[PDB]
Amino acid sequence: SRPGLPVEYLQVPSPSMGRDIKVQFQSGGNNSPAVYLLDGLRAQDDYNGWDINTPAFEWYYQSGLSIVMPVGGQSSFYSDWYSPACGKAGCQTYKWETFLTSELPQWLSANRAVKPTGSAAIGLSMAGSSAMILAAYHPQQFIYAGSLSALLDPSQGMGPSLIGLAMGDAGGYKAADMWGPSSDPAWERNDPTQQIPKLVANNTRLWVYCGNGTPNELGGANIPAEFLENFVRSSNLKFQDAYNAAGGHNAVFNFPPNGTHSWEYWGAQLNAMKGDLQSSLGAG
């Protein structure tokens, strides 16, 4: 049902960021595996975009999977930032890798008996690369990573400056505050194409989606959505080639001849990957 589901609106203290992170939550039951649904570049501070734009909770109720939707961190790339995250609205502390990989799972285990290990992270847009970086560096916790419509080589060429533009347009943040000048090693570290050997060695299950910029009847037929999806598509194709070349063998690659940078297409993927998540994480 949409109303009447056991959906919580948690307030999870983050020592590292000095505030309470709101977290929308639906348990799949005691000791259930978690699915972290990471929001896109323009993440709002009231509700995660996955809740706003999809019936995700509804789709995953009684799936044996806990659904975890952190709220906030627009333009954060769910990263630990070098300096305060200062945008149009003011400064906030961004230490999202710390939060997602310790404070949150520990709180969820202690307070809701959510299994802290063997989780998936699924992100769209900005959070698509973040999902893979979470699995790259925290494979115990994240054994599955979904990346929807993300720029997958952000440290390369125009990469850093395109990221700067977007953060600027979304809340007016500056990429220097996050991973520093493009010279800083933080860029390579958070580039999922660069971290492909990790993904392979950890045998991380991947779900990699990117549309082609052509809208079908689902909608999203507008130029920005079309131009954005097409623009990030090649990094998705190059990721695929590199991953296979590095001996990758645990990914689903989803590059249909349709799809724009719009929630209609992302929802469709989240819905599509439920049974795969259940098998890969042992929901049964």
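Each residue number is its position in the shown sequence, starting from 1.
Engineer: Return whichever of 52-60 and 247-255 has the greater mean Cα B factor according to the PDB record.
Structural biologist: The stretch with the larger average C-alpha B-factor is 247-255.
Engineer: Taking only the CA atoms, which stretch has the higher mean B-factor in the record, 196-204 or 72-80?
Structural biologist: It is 196-204 that shows the higher mean C-alpha B-factor.
Engineer: Please pick out which of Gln269, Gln24, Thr260, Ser14 has the largest Cα B-factor as recorded in the entry.
Structural biologist: The record points to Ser14.
Engineer: Could you tell me which one of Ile163, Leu148, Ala121, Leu104 shows the highest CA temperature factor in the PDB record?
Structural biologist: In the PDB entry, the greatest C-alpha B-factor among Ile163, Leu148, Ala121, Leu104 is found at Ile163.
Engineer: Using the temperature factors of the C-alpha atoms in this entry, rank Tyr36 within its chain: lowest, middle or highest third.
Structural biologist: Answer is lowest: the recorded C-alpha B-factor places it there.
Engineer: Based on the deposited C-alpha B factors for this chain, I'd like to know if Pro185 is in the lowest, middle or highest third.
Structural biologist: Middle third by C-alpha B-factor.
Engineer: Divide the modelled residues of the chain into thirds by Cα B-factor and specify which third, lowest, middle or highest, holds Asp241.
Structural biologist: Middle third of the chain for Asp241's C-alpha B-factor.
Engineer: Can you tell me whether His138 has a C-alpha B-factor in the lowest, middle or highest third compared with the other modelled residues of the same chain?
Structural biologist: Highest third, going by the recorded CA B-factors of the chain.
Engineer: What third of its chain's C-alpha B-factors does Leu5 belong to: lowest, middle or highest?
Structural biologist: Lowest third of the chain for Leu5's C-alpha B-factor.
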